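> Sharing an experimental structure here, sequence included.
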Amino acid sequence: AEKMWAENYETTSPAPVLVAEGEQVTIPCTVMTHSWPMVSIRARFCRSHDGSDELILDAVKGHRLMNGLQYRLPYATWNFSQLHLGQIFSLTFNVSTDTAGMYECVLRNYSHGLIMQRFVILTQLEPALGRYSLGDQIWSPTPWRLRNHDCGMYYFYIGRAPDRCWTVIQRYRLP
Amino acid sequence: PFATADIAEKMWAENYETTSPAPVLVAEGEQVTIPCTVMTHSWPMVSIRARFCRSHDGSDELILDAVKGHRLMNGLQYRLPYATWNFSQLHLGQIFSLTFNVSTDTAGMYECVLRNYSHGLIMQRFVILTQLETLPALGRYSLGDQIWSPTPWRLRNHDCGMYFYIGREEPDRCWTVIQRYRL
Ligand SMILES: *[C@@H]1O[C@H](CO)[C@@H](O[C@@H]2O[C@H](CO)[C@@H](O)[C@H](O)[C@H]2NC(C)=O)[C@H](O)[C@H]1NC(C)=O
Ligand SMILES: *[C@@H]1O[C@H](CO)[C@@H](O[C@@H]2O[C@H](CO)[C@@H](O)[C@H](O)[C@H]2NC(C)=O)[C@H](O)[C@H]1NC(C)=O
Ligand SMILES: *[C@@H]1O[C@H](CO)[C@@H](O[C@@H]2O[C@H](CO)[C@@H](O)[C@H](O)[C@H]2NC(C)=O)[C@H](O)[C@H]1NC(C)=O
Ligand SMILES: *[C@@H]1O[C@H](CO)[C@@H](O[C@H]2O[C@H](CO)[C@@H](O)[C@H](O)[C@H]2NC(C)=O)[C@H](O)[C@H]1NC(C)=O
């Protein structure tokens, strides 16, 4: 469906975050009160898959209209808060190779999506590494646990506590 | 001890003015919340920092431990004795928020701040107004800088007393921030 990018899309979309397998995460969304009827979180997995997939909610009382993720992410949970001056919604799931990708916040009608912001969750990536620097540097929430194979299946990654992506990834620098 | 005490050495996020929404005119007593959400970071503490429009100078902060989110210091307890905050751990980031009921007395400029004791990094700024000066169509939020309202249709208007409000000597400490944006 005819997609549009918010004025400040690339400049409030953090850089990729390398995350440990099995880590639980949440894609958080916040939009200022707005005229669209529906919001969705849109996922373009890095591993298998093509096209995209969306959890879609009624923009207002937040009901689930449609759950594209229900398959890859059978065990995720979403939330929806009414703040009056705006709304928060969110998708919570445990990260795997199978579920690392590009998650987006989308304002939505039937024909069109306005794309607010983009998260990129990686579990392996093809060297100092911080928690988030404002600015474009692949980061991690737990950089100190960062290991490194020369193999196929755990390429850098986070220790025990091409991609549909490499291009997006290749945009940003590694520290 | 510990009032007055604005942030000693403040810094602004690269994208501060360009992810700070315009002012939102809001009905008195509406209960609104202030968000934030930052991405896992290196600072020990976070704060929501408030500079009210009507009587108060310097600033006031709710301060939470950056990690499990406990309250370390509540500058707001006074003007906003009845507010509640929440803190969410998302792993790749955190959401924290201040919820209160808006009044003339408590409309101002609220900020999301990353914080040690000497410094604050200021992430983004919300401006909540209850009256707005006039010496007029109004939407819910347009991306871009146009004073908006979440319920524009409800928009009433007087001449001057306590200016546009919302239905059912000197200036503001805000008129300058407000004056930046277009109506
Ligand atoms: C989808 O959003 C678009 C843009 O907000 C709407 O369609 C554009 O809107 C302007 C204002 O009406 C028009 O001048 C353009 O011609 C529109 N384009 C099209 C193809 O319609 C539209 O209203 C929204 N979708 C629905 C289903 O209402
Ligand atoms: C301001 O907030 C207060 C409470 O935080 C609201 O009143 C409460 O509403 C809740 C939800 O229904 C009730 O559980 C409480 O019993 C109420 N307490 C009081 C003291 O009213 C109030 O509605 C909010 N302001 C407005 C204008 O609605
Ligand atoms: C509070 O944060 C500030 C800013 O990030 C820290 O000040 C920096 O510290 C580094 C390491 O000492 C210096 O090289 C920079 O000159 C400082 N930058 C600025 C802008 O001040 C500060 O050390 C932290 N404070 C405390 C008390 O831990
Ligand atoms: C990943 O998510 C699954 C379920 O979606 C979690 O499943 C358990 O272990 C947790 C850690 O100790 C406990 O907090 C839960 O109570 C427990 N759940 C049940 C039903 O017993 C799993 O924990 C998550 N991954 C990790 C590393 O915690």
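That came in fine, so what should we check first? Numbering: from 1, shown residues only, chains lettered A, B, ... in the order given. Ligands and ions are numbered 1, 2, ... in the order given.
> Strands of chain A, start to end?
Applying DSSP state E to chain A gives strands spanning A:3-5, A:17-18, A:24-32, A:38-45, A:53-58, A:64-67, A:77-82, A:86-94, A:101-108, A:113-122, A:146-148, A:156-158.
> I'd like the ones you listed as JSON lines, with distance to ligand 1 appended.
To be clear about C-beta, it is placed using only N, CA and C from the backbone, and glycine gets the same treatment. Listed next are the strands of chain A as JSON lines, based on distance: least, CB to the nearest ligand atom, whole Å:
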{"stretch": "strand A:3-5", "distance to ligand 1": "7"}
{"stretch": "strand A:17-18", "distance to ligand 1": "31"}
{"stretch": "strand A:24-32", "distance to ligand 1": "15"}
{"stretch": "strand A:38-45", "distance to ligand 1": "11"}
{"stretch": "strand A:53-58", "distance to ligand 1": "14"}
{"stretch": "strand A:64-67", "distance to ligand 1": "14"}
{"stretch": "strand A:77-82", "distance to ligand 1": "22"}
{"stretch": "strand A:86-94", "distance to ligand 1": "19"}
{"stretch": "strand A:101-108", "distance to ligand 1": "9"}
{"stretch": "strand A:113-122", "distance to ligand 1": "8"}
{"stretch": "strand A:146-148", "distance to ligand 1": "43"}
{"stretch": "strand A:156-158", "distance to ligand 1": "40"}
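> possible to save those as TSV with mean neighbour count?
Formatted as TSV, those follow (neighbours: other CB atoms under 10 Å in any protein chain shown):
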stretch	mean neighbour count
strand A:3-5	13
strand A:17-18	24
strand A:24-32	22
strand A:38-45	23
strand A:53-58	20
strand A:64-67	14
strand A:77-82	16
strand A:86-94	20
strand A:101-108	24
strand A:113-122	22
strand A:146-148	13
strand A:156-158	21
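> Which one of these lies nearest to residue A:172?
Nearest of the strands of chain A to residue A:172, taken as CB to CB: strand A:113-122 at 8.6 Å.
> Indicate each strand paired with that closest one and its parallel or antiparallel sense.
Take DSSP bridges as the rule and strand A:113-122 pairs in its sheet with strand A:3-5 (parallel), strand A:17-18 (parallel), strand A:101-108 (antiparallel).
> middle-most residue in chain A, spatially?
residue A:103 (2.7 Å; CA atoms, centre = their mean).
> Residue A:121 is in contact with that one, correct?
Yes - between residue A:103 and residue A:121 there is a contact under CB atoms under 8 Å: 6.7 Å.
> any common contacting residues for these two?
Residues touching both residue A:103 and residue A:121 by CB atoms under 8 Å, 6 or more residues apart in numbering or on different chains: residue A:27.
> Which residues of chain A lie near chain B?
By the rule CB under 8 Å from any CB of the partner chain, the part of chain A lying against chain B is A:6-8, A:11-12, A:14, A:17, A:19, A:23-26, A:28, A:30, A:32-35, A:81, A:83-86, A:88, A:90, A:92, A:119, A:121, A:130-132, A:134-135, A:141.
> residue farthest from the centroid of chain A?
residue A:150 (26.4 Å).
> what sits against that residue?
Taking CB under 8 Å, 6+ apart as the test, residue A:150 contacts no residue whatsoever.
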